[PDB]
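This is what each chain is made of:
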Amino acid sequence: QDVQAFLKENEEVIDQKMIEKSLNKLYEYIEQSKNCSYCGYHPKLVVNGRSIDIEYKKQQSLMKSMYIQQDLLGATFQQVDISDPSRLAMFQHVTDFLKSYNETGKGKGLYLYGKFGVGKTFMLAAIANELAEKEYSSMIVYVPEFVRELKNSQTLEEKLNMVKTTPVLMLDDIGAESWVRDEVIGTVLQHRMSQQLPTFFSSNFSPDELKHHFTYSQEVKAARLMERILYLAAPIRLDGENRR
Amino acid sequence: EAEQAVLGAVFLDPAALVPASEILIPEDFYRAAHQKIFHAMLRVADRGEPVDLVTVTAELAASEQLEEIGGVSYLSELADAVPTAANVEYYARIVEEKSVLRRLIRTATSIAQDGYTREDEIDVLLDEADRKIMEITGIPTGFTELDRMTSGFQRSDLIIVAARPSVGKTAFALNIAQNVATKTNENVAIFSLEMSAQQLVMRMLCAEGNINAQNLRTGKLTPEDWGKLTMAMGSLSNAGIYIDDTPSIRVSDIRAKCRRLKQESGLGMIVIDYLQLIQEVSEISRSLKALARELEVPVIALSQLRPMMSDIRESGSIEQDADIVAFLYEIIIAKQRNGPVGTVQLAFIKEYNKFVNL
């Protein structure tokens, strides 16, 4: 019965036969502790070639945000002002889906792309409390502070297991430091498209810019990192006066 | 001197034959006056039919047997002894320990002669001559969950836990006995022999206060665990759990030490150090099963091991008089002298020493 559940859960990723081949793994996966003791790791399934392996208000509570300041993550929707195509062409993809969000059927996220300061992350931290009216283990992260300590080493076998297939991922900022990121997030964004999952984005630049800036050499490994980030959704503008 | 006494108790029950029909048969008679008496007893309770003193005495007057025993004078003195009651079985075993012998001993007399009489045979003189020889109710375990299958830990049992070497059972045998002294009332005796009195104090606070991701050994924690602590030791006084380690006190001594408290508090639980460090086990461990029955205390007289049953039932008892026996790896109570023998879904954080359910 567990196999049935898992099969259909990841049937977008698994090749029926792959499931039966990695049966031992998936069965050992469910049989062991699905939790940890730091709350130090938890088991998650990953597809490696042809085999599946196992790698390790009263609304903001059981959440587990990574590498972020403690109390900045409190934002609502009445308080969020409604302005330009920064906020009048977005509440058309946000509200069509509210109390209607499935797993076993991919959903539409968003990619907030634009300037340096206006309002990158106020439409990924506000909705993280719509993902707090129902309460998901919604992740909120600084990717400027993510390609540094995970280059380090000690512990490194499994460091991004909460940055893959969590019910929600409100990715914020990537503006610091053929890249050290093609067997990393480029295969992280692979499990966000075959185990039935959507993700959330916001950063400093834009789709056109980021493709022209990633991975350089003397190789289209710079123009494959970013359609792993232009698939589940269509990016829309952010415009308005400065906020500093 | 069993036979002089044994019948006395059997009399006034009317059910001192339930284990006694199991123990003694019409062969179990060293004596001569006694053998037909019991057959006049056994003929009765087969309807049955009813059971009392006399239903046998006028039965004996009938089918050829009354002076055979010297009148009713000794038929009276079958009764006149048993200066006791709290034994239980017990007792008829004395007669069975006058019995078992000769079913394994009277069967070796012919042979002692089957060499100068049966001269004359040899091999078949073995095939047969060796054959004969043989012949919440119900106090919870702390949980609000383990409260509806069996319930208790009621009022009297023997419990012996065996999981992988020194794990969370080490915690659990005692994490059975937590929500009883502080969070309700009943003072529970948790004595020790391995983990001393100066070894079971800092880690109950690890188990209580939202304080353990630190840890607590350094003296001073972080600016939060002192704002959130008054849970761990504040009500410890008005509770009722205290710790001892009289090196390794024997099976009679603690058995005789749980008499200070049985008068004082009533004695609620006895969480003992593994009955294996206490001083081949179907013998030594049979002095804490019955202490539960008279002292009226749940007695956690334990073990130190995978888990499997006739595997701790290996060199000793365990699958016998011993009551409920669970199996930690999820609590696999694949044995519980309790009724609903079953597994309860659980887990563990290991972060703040607090265990989980589902």
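Rules used in this analysis
Along every chain, residues receive numbers from 1 upward following the written sequence, which is not necessarily the numbering found in the entry; those without coordinates are excluded from display. Each chain is given a letter, starting from A, and each ligand a number, starting from 1, according to the order in which they appear as written. Scope of values: the displayed chains only, which are part of a larger assembly. Think of the side-chain values as coming from all heavy atoms in the structure, minus any hydrogens and water. The way it works is that DSSP assigns letters per residue, a run of H or I at least four long becomes a helix, a run of E at least two long becomes a strand, and they are numbered from the N terminus. Here the term buried applies to any residue with accessible area under 20% of the maximum for its type, exposed to any over 50%, and partly exposed to those in between, with areas from a 1.4 Å probe on protein chains only. Accessible surface area values rest on a Shrake-Rupley calculation with a 1.4 Å probe, where residue burial reflects the displayed protein chains alone. Charge assignment: positive for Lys and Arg, negative for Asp and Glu; neither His nor the chain ends contribute. Where a charge lies is defined by one atom per residue type, namely NZ (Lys), CZ (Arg), CG (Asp) and CD (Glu). Salt-bridge detection follows one rule: a side-chain nitrogen of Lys or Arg within 4 Å of a carboxyl oxygen of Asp or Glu. UniProt positions are given in the numbering used here, feature names are shortened, and annotations may be inferred rather than shown by experiment. Pairs of residues are marked as contacts when any of their non-hydrogen atoms sit within 4.5 Å. The patches reported here contain residues having more than 30% relative accessible area and no salt bridge. Joining distances are 9 Å for like charges and 5 Å for nonpolar side chains (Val, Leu, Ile, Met, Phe, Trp, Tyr). N or O atoms within 3.5 Å of each other form a polar contact, as long as, within protein, one can give a hydrogen and the other can take it, and as long as residues adjacent in sequence are counted only when both atoms are side-chain atoms. Residue polarity follows a fixed list, in which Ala, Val, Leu, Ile, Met, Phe, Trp, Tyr, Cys and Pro are nonpolar, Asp, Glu, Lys and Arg are charged, and the others, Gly among them, are polar. The pocket and cavity definitions rest on a 1 Å grid over protein atoms only: a 1.4 Å probe that fits but cannot leave marks a cavity, an open set with protein on both sides within 12 Å along at least five of seven lines marks a pocket, and residues lining either have an atom within 4 Å of a point. Whether two strands pair depends on DSSP finding at least two bridges between them. Grid points are joined across faces, edges and corners, and a volume is the space filled by probe spheres set on the points. We call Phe, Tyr and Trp rings a pair once their centres come within 6.5 Å, taking the six-membered ring for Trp, and we label the pair stacked below 30 degrees between planes, edge-to-face above 60, and tilted otherwise. Whether a charge sits over a ring depends on NZ of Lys or CZ of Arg being within 6 Å of the ring centre and within 35 degrees of the ring normal. In this description, the arc belongs to the directions extending from the helix axis to the C-beta atoms.

Looking only at helices and strands, one finds five helices and six strands in chain A. In chain A, the succession of helices and strands from N to C terminus is α-α-α-β-β-β-β-β-α-β-α. Principal-axis analysis of the C-alpha atoms places the extent of chain A at approximately 55 × 50 × 35 Å. In chain A, which comprises 244 residues, the share counted as buried stands at 40%. Surface accessibility of chain A: about 15,200 Å² in total, with carbon and sulfur atoms responsible for 49%. In chain A, which carries 30 positive and 33 negative side-chain charges, the distance between the mean positions of the two groups comes to 1 Å.

Further remarks concern the pattern of salt bridges. All names here are of chain B. Taken as a whole and judged by the stated rule, the model has twelve salt bridges over all chains. Ionic pairing is found between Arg93 and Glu89, a salt bridge with its closest N-O pair at 3.7 Å. The salt bridge partner of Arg148 is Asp147, with a shortest N-O separation of 3.9 Å. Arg148 gets classed as exposed once you look at its relative accessible area, which sits at 57%. Among the charged side chains, a salt-bridge network with shared partners connects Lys289, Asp323 and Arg337.

Here we take up the UniProt feature "binding site: ssDNA" in chain B. Residues and elements named next belong to chain B. With numbering matched to this structure, UniProt assigns "binding site: ssDNA" to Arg313, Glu314 and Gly316. Of note, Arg313 is situated in the loop between α14 (309-312) and β5 (327-328). Apart from the residues within four sequence positions on either side, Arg313 is in contact with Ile318, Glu319 and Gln320. Position of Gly316 relative to the elements: it lies in the loop between α14 and β5. Excluding its chain neighbours within four sequence positions, the residues that come into contact with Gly316 are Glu280, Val281 and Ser282.

Together, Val100(B), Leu101(B), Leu104(B), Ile105(B) and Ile133(B) make up an exposed nonpolar region whose accessible area comes to about 360 Å². Along the chain, the position of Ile133(B) falls in the loop between α8 (124-127) and β1 (157-158).

Facing the four residues of chain B at the interface are four residues of chain A. Joining chain B to chain A, the criterion identifies zero salt bridges. At the junction of chain B and chain A, the tally comes to three residue pairs in polar contact. Considered class by class, the residues forming the side of chain B that touches chain A number two nonpolar, no polar and two charged.

All names here are of chain B. UniProt records the feature "binding site: ATP" for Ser166, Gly168, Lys169, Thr170, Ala171, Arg203, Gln304, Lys335, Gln336 and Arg337 in the present numbering. Lining the largest cavity, from the set of annotated residues above, are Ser166, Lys169, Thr170 and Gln304. Mapped onto the secondary structure, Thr170 falls in helix α9 (residues 169-175). Taking the relative accessible area as the measure of exposure, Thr170 reaches 26% and is therefore partly exposed. Within the structure, the side chain of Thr170 is placed 3.2 Å from the backbone nitrogen of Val167, a separation counted as a polar contact.

The next thing to look at is the sheet that holds strand β6 (residues 331-332) of chain B. Residues and elements named next belong to chain B. On the basis of which strands lie adjacent, the open sheet formed by three strands has the order β5-β6-β7 and antiparallel pairing. In the strand order of this sheet, the two ends are held by β5 and β7 (343-344), each with one partner. When β5 meets β6, the two strands line up antiparallel, connected through two bridges. Counted as the bridge partner of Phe327 is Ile332 from β6.

Bringing the side chain of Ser151(B) into the picture now. All names here are of chain B. Here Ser151 shows up in the loop between α8 and β1. Using a relative accessible area of 5% as the deciding quantity, one classes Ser151 as buried. Polar contacts involving the side chain of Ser151 include one to the main-chain carbonyl oxygen of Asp147, which spans 2.6 Å. Once residues within four sequence positions are removed from consideration, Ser151 is found in contact with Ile136, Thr137 and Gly138.

We now examine empty space enclosed by the protein. Unoccupied space between atoms shows up once a probe the size of one water molecule is rolled over them. If you add up the space inside the largest cavity, you get close to 260 Å³. Here the lining of the largest cavity gets four residues from one element, more than from any other, and that element is α9(B). The residue inventory of the lining of the largest cavity, partitioned by class, reads eleven nonpolar, five polar and three charged. The computed volume of the second largest cavity comes to approximately 130 Å³. Lining the second largest cavity, in full, are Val143(A), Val147(A), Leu171(A), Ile174(A), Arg181(A), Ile185(A), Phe201(A), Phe214(A), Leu225(A), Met226(A) and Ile229(A). Its residues assigned to classes, the lining of the second largest cavity comprises ten nonpolar, no polar and one charged.

A few words now on the side chain of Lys335(B). Residues and elements named next belong to chain B. Summarising the element assignment, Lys335 is placed in the loop between β6 and β7. Buried charge without a salt bridge: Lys335, with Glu319 as the nearest opposite-charge side chain at an N-O distance of 5.9 Å. Contacts of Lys335, omitting those with residues within four sequence positions, involve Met309, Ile318, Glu319, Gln320, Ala322, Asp323, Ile324, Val325, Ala326 and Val341.

What follows covers the packing of aromatic side chains. Applying the stated criterion across every chain yields a total of nine aromatic pairs over all chains. On the basis of an interplanar angle of 55° and a centroid distance of 6.5 Å, the ring pair of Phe29(B) and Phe38(B) is categorised as tilted. According to the relative accessible area criterion, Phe38(B) is buried, its value standing at 6%. Ring geometry for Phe348(B) against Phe355(B): centres 3.7 Å apart, planes inclined by 10°, an arrangement best described as stacked. On the basis of relative accessible area, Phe355(B) is assigned to the partly exposed category, the value being 36%. Counting every residue linked through ring pairs, the aromatic cluster contains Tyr111(A), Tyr113(A) and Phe201(A). Taking NZ or CZ as reference, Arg181(A) lies 5.3 Å from the ring centre of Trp179(A), over its face. The aromatic ring of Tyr90(B) is capped on one face by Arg93(B), whose charged end is 4.5 Å from the ring centroid.

Here the focus is helix α3 (residues 35-42) of chain B. Residue and element names in this part refer to chain B. Of all the residues in α3, the buried ones are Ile37, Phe38, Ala40 and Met41. Down the axis of α3, the buried side of the element spans an arc of 155°, and every buried residue falls inside it. Looking at the buried positions of α3, the neighbouring elements they touch are α1 (2-11), α4 (54-62) and α5 (73-76).

Moving on: the pairing of strand β1 (residues 44-48) of chain A. Residue and element names in this part refer to chain A. Relative to strand β2 (residues 51-55), β1 is paired through five bridges, and the arrangement is antiparallel. Bridging from a neighbouring strand, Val46 pairs with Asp53 of β2. Following β1, the chain reverses through two residues before pairing antiparallel with β2; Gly49 in that reversal takes a positive phi of roughly 70°.

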